[PDB]
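# Structure assessment
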Amino acid sequence: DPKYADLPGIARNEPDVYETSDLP
Amino acid sequence: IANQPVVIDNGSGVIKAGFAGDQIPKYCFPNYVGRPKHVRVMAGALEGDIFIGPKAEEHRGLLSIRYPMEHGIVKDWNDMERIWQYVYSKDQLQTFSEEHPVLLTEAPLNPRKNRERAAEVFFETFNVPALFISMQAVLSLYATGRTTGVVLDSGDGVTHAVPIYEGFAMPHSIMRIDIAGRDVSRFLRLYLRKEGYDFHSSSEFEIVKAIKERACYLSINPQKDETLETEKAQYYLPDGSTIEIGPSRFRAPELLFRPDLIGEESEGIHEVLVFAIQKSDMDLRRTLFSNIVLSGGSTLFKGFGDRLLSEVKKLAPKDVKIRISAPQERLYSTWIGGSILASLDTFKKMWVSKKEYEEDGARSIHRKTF
Amino acid sequence: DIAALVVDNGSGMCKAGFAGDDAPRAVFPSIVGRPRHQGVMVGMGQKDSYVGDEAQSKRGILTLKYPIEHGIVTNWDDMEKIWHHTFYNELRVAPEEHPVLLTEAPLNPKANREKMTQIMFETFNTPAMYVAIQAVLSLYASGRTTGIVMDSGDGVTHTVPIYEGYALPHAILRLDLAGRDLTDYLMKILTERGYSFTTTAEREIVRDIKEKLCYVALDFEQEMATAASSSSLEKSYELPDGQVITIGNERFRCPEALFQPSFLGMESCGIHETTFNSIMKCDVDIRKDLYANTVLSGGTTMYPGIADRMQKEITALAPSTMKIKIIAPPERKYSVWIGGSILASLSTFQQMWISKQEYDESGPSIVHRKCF
Amino acid sequence: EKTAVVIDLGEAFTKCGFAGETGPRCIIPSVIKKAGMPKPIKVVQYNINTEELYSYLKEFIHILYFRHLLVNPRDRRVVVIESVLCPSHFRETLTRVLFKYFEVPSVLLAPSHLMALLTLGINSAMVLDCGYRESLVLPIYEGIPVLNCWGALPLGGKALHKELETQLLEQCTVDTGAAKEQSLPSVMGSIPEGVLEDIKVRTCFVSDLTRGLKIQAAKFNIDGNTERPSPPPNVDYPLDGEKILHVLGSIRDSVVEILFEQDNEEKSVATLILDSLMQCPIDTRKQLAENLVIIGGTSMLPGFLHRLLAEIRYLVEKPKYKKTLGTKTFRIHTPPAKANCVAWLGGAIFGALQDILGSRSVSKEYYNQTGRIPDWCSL
Ligand SMILES: Nc1ncnc2c1ncn2[C@@H]1O[C@H](COP(=O)(O)OP(=O)(O)OP(=O)(O)O)[C@@H](O)[C@H]1O
Ligand SMILES: Nc1ncnc2c1ncn2[C@@H]1O[C@H](COP(=O)(O)OP(=O)(O)O)[C@@H](O)[C@H]1O
Ligand SMILES: Nc1ncnc2c1ncn2[C@@H]1O[C@H](COP(=O)(O)OP(=O)(O)O)[C@@H](O)[C@H]1O
Ligand SMILES: [Mg+2]
Ligand SMILES: [Mg+2]
Ligand SMILES: [Mg+2]
């Protein structure tokens, strides 16, 4: 994680996965 | 040559240069040339005439900007040559070009003459030992570390979707449209003119781009948001004055998904993604829905993931899993993948040697890619 | 004598005329164009949707949709608009006064023909109508009763063998590669060359380039080598603006997808292999006759040198003793219509109509019992 | 049905009249004289609080409806000509003034460029409006304004007046007449807008293409030796009675060159049309190139159209436009009305179309029910 701390455009405070609800 | 290869992700808006060893692009700057706005013949004005990188950001008010690349195609080849020489400057990489092999990145389905001239420039003006040109969509999967997925690279200039299954690319399933970050910036300029704010100058294109980056979100329900009274978020200009952006905040990026509002004959980002998935063979499609990888700056829009998920849900078959794997590092995913590729020993067998280019001629760079 | 209309609803181009005529009276592209801009105020003299040549002239602002895709009507409202334009505006005739002999490709969905009959009888109220296989009509136009018709138009390429008037439904072979696919491949290779065409309006420009410049190479590799080693094959085309664009090897790579579908990504046989397979599916006794009466039809078979290439390929595939003879009449683009006119001018055809009485009695499904 | 009134508001001038008329009945500066303040206030102001704009528009429209148009406002429909991409808040404030206060039946917010197209009888052209605030190019193709290929630059009458004021204050030579018969530069700190406008319209003119290029080159004068063309004679413009400002000859032809000067950005009044045209759809170019319509007060300056067409043909040959717009035949239209009121004449032609005007316009009942005026932004 901190290895990308210095880059300008790293969008944080967001989830990394947008997915539909699992179904059995 | 055993020296560390140099990876130069060639963005239409922002180029990212570094060495293959590094985990991140140590160097990166906008892809434009800034000249003095007035035709300077007297002394004491902005000397040099060519401002590239943070220098252009220092005196950005006084410069006229000119991008060399438009829609992922190099237009001003002198400006692009200047840009690449500036990459090998004392400011960036502090190195000679003749020492290190180079890995370029180019948009898919681009003109052959663009790649041919890029190779000629990199082999003639710079005495580079070797060269290799990759597509960014292939590199995004390298960066993510997965073997399969649908890469939706929405850069500054070009927005393209590419499905790959187990390292096999579907050339006929690739989708590509020219609605991208710069077009969203132009539409934001138009909507801000509708707000009553003028950004006529090419330099002012940079600050309207900054407004796009700072305060612009994609609403799941644009009609409800438009009906709802907007907060009129306040933004600070470089000079000091404030501006109330207003509902334009959610109207400019909406053209990425629904360009036809402004009369643009384009598919839309969700449309190209879904059609790239559907054009592939049927058995793969479910897996292609289960591995969607975002890339490029335009995917960093606030609420972009939710709206894209909604659109893909209402377009995809019912009760089908969707996974829009949106890594936080998606802006620099392409360069990171290029670095990972160049680190591999297999890259030694991929780039074309200088003698190979001299002997085989142009067609080598066309054939060694595939 | 009340002349019966003949309306060949091609996938790309709609043709229409009266039975007994030599050529179609109206020939216009089968497109429905709609204005692209919505928010801004619209001018004075405007239509909600444009049809046919009116959409073609005003294609700069309009966005075009083809109602028929791969020979299957996907937008029935647009196809109804096309028929209305064909009858009232172009032909200038009341549809209720004359029968109509429509055409459809083989092996299409049954619902397509059923909806065709329903639209003709309910919306337009024609006194009778008929649906005919395009290949049979094109064989009628050539003045033959035995032969194999490889009819290849904007949407589909279908091969139909016929012997002494007796069709062979089990030997018919249909391919989705025709026309529009070649236009898209031409767009792709043009994009590689440098000229980017993306909008639907530019599809018409690319189609015009395909019609004007492209040709079939007798030997593909030799022509590719000649293009690489020389600029004799380069030819210049002028866009509507005035820009001049040079086309090189792409002249003979776009139609080469007819004989090599692997360029388009489809794992299907070429048109020569499809024709040979269709012939070989027939009985052994009649195959020779088919080899002597291969008939090219449709508009996409108008490339220069396609007859020679097809003859060479079939001769390579077929046994040496059999004599191959590809028949490519100069007017073959309209051969599907002309035979239809002949089929509508015959006296014995008055019993083959689907009268409105029969349609009311049995419903649309009668189209499957009468036509084919 | 009673004839619908037509209004075209602008920063410099407002054009008002009745539909189906050969020309506007009234054309006046867009100002209102509030008591106690010497210099009147501009009616059409963007980026101000809505109450002040509401009051200004109320007073000005009352003046229009009871000083120039001698008729009630409630009886007759309205055809308001507003330029495309007009500021939204000004537009809903104007419609609110028209509906809530005056209770007009319906207002048609027609676009200026399409109306200007209607006057000629053609249905496709590249309409350039050289307004006071800014110059704006918009292509129309078959009654469909192509908003995607819009263009604009701030080279209207405002920038020209500012340049004139700067040049006059630099080369100021005014005979005060009170023991100051000699030149007395910058006796007044700032010239009023009216004097600058009168000097611009009366004295200044647009020079030929070759003369303009030579003037632009001689402005730098890098290793130049009297390369400028010989200027016109100076003109002694009277100010305030006694004062006599000796407007120099060079200003009269050099002040307007800011419109056509490139300045290392490839942006000018002439280049604006080419930039818009190169963005148009491939099929629409030729019909848009052969049909050019110029409107706006700045276009009425003497010799403007000749210089514009010459500059268009000159810039076409440059490498940026040579490939695409090289072999093109540009031709200017000559609409029946003067370029000040071509847009008004279009609105007047649209006004007499009584049957459609009811449906196209927004009824006051609809506005009361909703309160939302239609716009080409998302709804
Ligand atoms: N007859 C004329 N001759 C020359 N210049 C004129 C004439 N009438 C007006 N102008 C100038 O033209 C400019 C005004 O143009 P115009 O009347 O078309 O603008 P407007 O409608 O008031 O403004 P906008 O369109 O920006 O809202 C001012 O510079 C004015 O001085
Ligand atoms: N947080 C953000 N919000 C909106 N747009 C952004 C954001 N960050 C970057 N962008 C846009 O992304 C673009 C950069 O795209 P890039 O990844 O350089 O494309 P390429 O593949 O050509 O390199 C910029 O033009 C910028 O406007
Ligand atoms: N002279 C020509 N050369 C090459 N191709 C042609 C020529 N004329 C027509 N075509 C092609 O044929 C197609 C039209 O075929 P057509 O006979 O109308 O089929 P259908 O009747 O199914 O519409 C067009 O897409 C066009 O590209
Ligand atoms: Mg990139
Ligand atoms: Mg046909
Ligand atoms: Mg005006």
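Our subject in this report is the structure included herewith. (Residues numbered from 1 in each chain as written, not as in the entry; some residues may be left out. Chains lettered and ligands numbered in written order. Part of a larger assembly, values for the part shown. Heavy atoms only, no water. Residues with missing side-chain atoms left out of burial classes, pairs and counts.)

## Some words on the overall build of chain C
Defined as follows: Runs of H or I in DSSP of at least four residues are treated as helices and runs of E of at least two as strands, each being numbered from the N terminus. With C-alpha atoms as the basis for the radius of gyration, the globule rule is written as 2.2 Å multiplied by the number of residues raised to the power 0.38. Per-residue accessibility, obtained with a 1.4 Å probe over protein chains only, is compared with the maximum for each type, and a residue is labelled buried under 20%, exposed over 50%, and partly exposed between these values. Pairs of residues are marked as contacts when any of their non-hydrogen atoms sit within 4.5 Å. The charge count treats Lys and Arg as positive and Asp and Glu as negative. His and the chain ends do not count. In plain terms, the charge of a residue is placed at NZ if it is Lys, CZ if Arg, CG if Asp and CD if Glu.
If you tally the helices and strands in chain C, you get 14 helices and 19 strands. For chain C, the C-alpha radius of gyration of 21 Å lies close to 21 Å, the compact-globule estimate for 372 residues. In terms of overall dimensions, chain C has C-alpha extents of about 70 × 65 × 35 Å along its principal axes. Counting every position in chain C, which comprises 372 residues, the buried fraction comes to 57%. When contacts within chain C are restricted to residue pairs at least 6 apart in sequence, long-range pairs at least 24 apart make up 68% of them. Positive and negative side-chain charges in chain C, numbering 37 and 47 respectively, have mean positions lying 1 Å apart.

## Concerning the overall build of chain D
Helix and strand content of chain D: 15 helices and 16 strands. Reported as C-alpha extents along the three principal axes, the dimensions of chain D are approximately 70 × 60 × 35 Å. By sequence separation, contacts in chain D at least 24 residues apart represent 67% of the contacts at least 6 residues apart.

## Quick word on the sheet that holds strand β8 (residues 102-106) of chain B
Residue and element names in this part refer to chain B. Applicable threshold: Paired strands, in this sense, are two strands between which DSSP finds at least two bridges. Only the contacting stretch of a helix is used when fitting its axis, a line to C-alpha atoms as for every element, and angles between N-to-C directions run 0 to 180 degrees.
The strand order across the open sheet formed by six strands is β3-β2-β1-β8-β9-β18, and the pairing between neighbours is mixed. This sheet does not close on itself; its edge strands, each paired only once, are β3 (27-30) and β18 (352-353). Pairing of β8 with strand β9 (residues 130-135) involves five bridges; the strand directions are parallel. Looking across to β9, one finds that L104 is bridged to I133. Taken strand by strand, helix α4 (residues 136-144) contacts β1 (6-9), β8 and β9, and its axis lies near 85° from that of β9.

## Concerning the side chain of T20 of chain A
Tracing the backbone shows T20 of chain A in the segment after β1 (17-19). A relative accessible area of 11% places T20 of chain A in the buried class.

## Concerning the interface of chain B and chain C
In plain terms, the rule: Values labelled buried area give the accessible surface lost by two parts on being combined, using a 1.4 Å probe and summing over both. Salt bridges are defined by distance alone: a side-chain nitrogen of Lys or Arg within 4 Å of a carboxyl oxygen of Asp or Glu. N or O atoms closer than or at 3.5 Å make up a polar contact, with two conditions inside protein: a donor-capable atom paired with an acceptor-capable one, and, for residues adjacent in sequence, both atoms drawn from side chains. Residue classes follow a fixed rule: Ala, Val, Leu, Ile, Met, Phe, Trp, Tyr, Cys and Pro count as nonpolar, while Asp, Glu, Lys and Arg count as charged, and any other residue, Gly among them, counts as polar.
The interface of chain B with chain C comprises 10 residues on the first partner and 12 residues on the second. At the boundary of chain B with chain C, total buried surface from both sides reaches about 1,000 Å², with 47% on carbon and sulfur atoms. Linking chain B with chain C are zero salt bridges, by the criterion used here. Linking chain B with chain C are five residue pairs in polar contact. For the side of chain B that touches chain C, the class distribution of residues is three nonpolar, three polar and four charged.

## Observations concerning the site of ligand 1
All names here are of chain D. Selection rule: The nearness test applies per residue and asks whether one of its heavy atoms lies within 4 Å of the molecule or strand. Residue burial considers only the protein chains on display, and all accessible areas are found by Shrake-Rupley using a 1.4 Å probe.
Lining the immediate environment of ligand 1, one finds 18 residues, of which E11, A12, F13, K15 and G297 sit closest. Within the side chain of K200, one N or O atom sits 3.1 Å away from an oxygen atom of ligand 1. Considering ligand 1 on its own, with 650 Å² of exposed area, one finds that the protein chains cover 85% of that surface. Only β2 (13-18), α4 (157-170) and α5 (193-202) provide two or more residues apiece to the shell around ligand 1.

## A closer look at the site of ligand 3
All names here are of chain C. Close to ligand 3 lie 17 residues, the nearest being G12, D154, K210, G299 and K333. In the model, an oxygen atom of ligand 3 is placed 3.2 Å from a nitrogen or oxygen of the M13 main chain. The separation between an oxygen atom of ligand 3 and a polar main-chain atom of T300 is 3.2 Å. Taken together, the elements giving at least two residues each to the shell around ligand 3 come down to β2 (13-18) and α6 (200-213). Residues of the shell around ligand 3, tallied by class, amount to three nonpolar, seven polar and seven charged.

## Digging into the interface of chain C and chain D
Between chain C and chain D, the contact holds 21 residues from the first and 29 residues from the second. Summed over both sides, the interface between chain C and chain D buries roughly 2,200 Å², with carbon and sulfur atoms accounting for 65% of that surface. By the criterion of area lost to chain D, the three top residues of chain C are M41, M44 and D241 of chain C, representing 31% of everything that side buries. Counting every contact that joins chain C to chain D gives three salt bridges. Two residues, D241 of chain C and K328 of chain D, come together in a salt bridge whose shortest N-O distance is 2.4 Å. At the surface where chain C touches chain D, the tally comes to seven residue pairs in polar contact. Here the side of chain C that touches chain D is built from residues that sort into eight nonpolar, eight polar and five charged.

## Considering the nonpolar core
For clarity, the threshold we go by: Take the buried residues of types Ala, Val, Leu, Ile, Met, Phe, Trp, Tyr and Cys, join any two whose side-chain atoms come within 4.5 Å, and each joined set is a nonpolar core.
Counting residues in hydrophobic clusters, the biggest one holds 96 residues, and the most contacted among them are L273 and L308 of chain B together with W376 of chain D. Residues contacting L308 of chain B, with those up to four places away along its chain left out, are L152, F257, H270, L273, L294 and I324 of chain B. Ranked by size, the runner-up nonpolar core spans 59 residues in total, among them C130, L272, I273 and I312 of chain D.

## Quick notes on the pattern of salt bridges
One pass over the full model with this rule turns up 54 salt bridges over all chains. Linking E19 of chain A and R323 of chain B is a salt bridge whose minimum nitrogen-to-oxygen distance equals 3.4 Å. Linking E19 of chain A in strand β1 with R323 of chain B in strand β17 (residues 323-325), this pair reaches from one chain into another. A salt bridge links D183 of chain B to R186 of chain B, with the nearest nitrogen and oxygen atoms 3.3 Å apart.

## Here we look at the environment of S361 of chain D
Residues and elements named next belong to chain D. Along the chain, the position of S361 falls in the loop between α14 (354-360) and β16 (362-363). Taking the relative accessible area as the measure of exposure, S361 reaches 7% and is therefore buried. Non-local contacts of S361, meaning those with residues more than four positions away in its chain, are made with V78, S106, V107 and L108.

## Here we look at the environment of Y237 of chain C
All names here are of chain C. Note that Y237 resides in strand β15 (residues 235-238). Assessed through its relative accessible area of 13%, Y237 is described here as buried. Separated by 10 residues in the primary sequence, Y237 and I247 place their C-alpha atoms 7.6 Å from one another. Setting aside chain neighbours within four positions, we find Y237 in contact with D208, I209, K212, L213, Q243, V244 and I245.

## Details of unusual backbone geometry
All names here are of chain B. The backbone of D49 shows a phi angle near 70°, a positive value even though the residue is not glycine. Relative to the elements of secondary structure, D49 occurs in the loop between β4 (33-36) and α1 (54-58). A relative accessible area of 42% places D49 in the partly exposed class. One non-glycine residue, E166, adopts positive backbone phi at about 55°.

## As for the packing of aromatic side chains
We count it as follows: Pairing of aromatic rings covers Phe, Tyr and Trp, the last through its six-membered ring, and needs centres within 6.5 Å; plane angles under 30 degrees mean stacked, over 60 mean edge-to-face, and all others mean tilted. Only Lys NZ and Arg CZ are tested; either one counts as a charge over a ring when it is within 6 Å of the ring centre and within 35 degrees of the ring normal.
Within this structure, the stated rule accounts for 26 aromatic pairs over all chains. Arranged with centres 5.5 Å apart and planes meeting at 50°, the rings of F257 of chain B and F304 of chain B form a pair that is tilted. One end of the pair, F257 of chain B, is in helix α9 (residues 254-257); the other, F304 of chain B, is in helix α12 (residues 304-315), with 47 residues separating them in the sequence. When its relative accessible area of 3% is taken as the criterion, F257 of chain B is described as buried. Considering the side-chain rings of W83 of chain C and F124 of chain C, the 6.3 Å spacing of their centres and the 90° angle between planes classify their relative orientation as edge-to-face. With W83 of chain C in helix α2 (residues 76-91) and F124 of chain C in the loop between α3 (110-123) and β10 (128-133), this pair connects stretches of sequence that are 41 residues apart. Both residues of the pair, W83 of chain C and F124 of chain C, belong to the buried class. Clustering of aromatic rings is evident, with ring pairs tying together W77, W84, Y88, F122 and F126 of chain B. Taking the ring centre of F257 of chain B as reference, the NZ or CZ of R307 of chain B above it sits at 5.4 Å.

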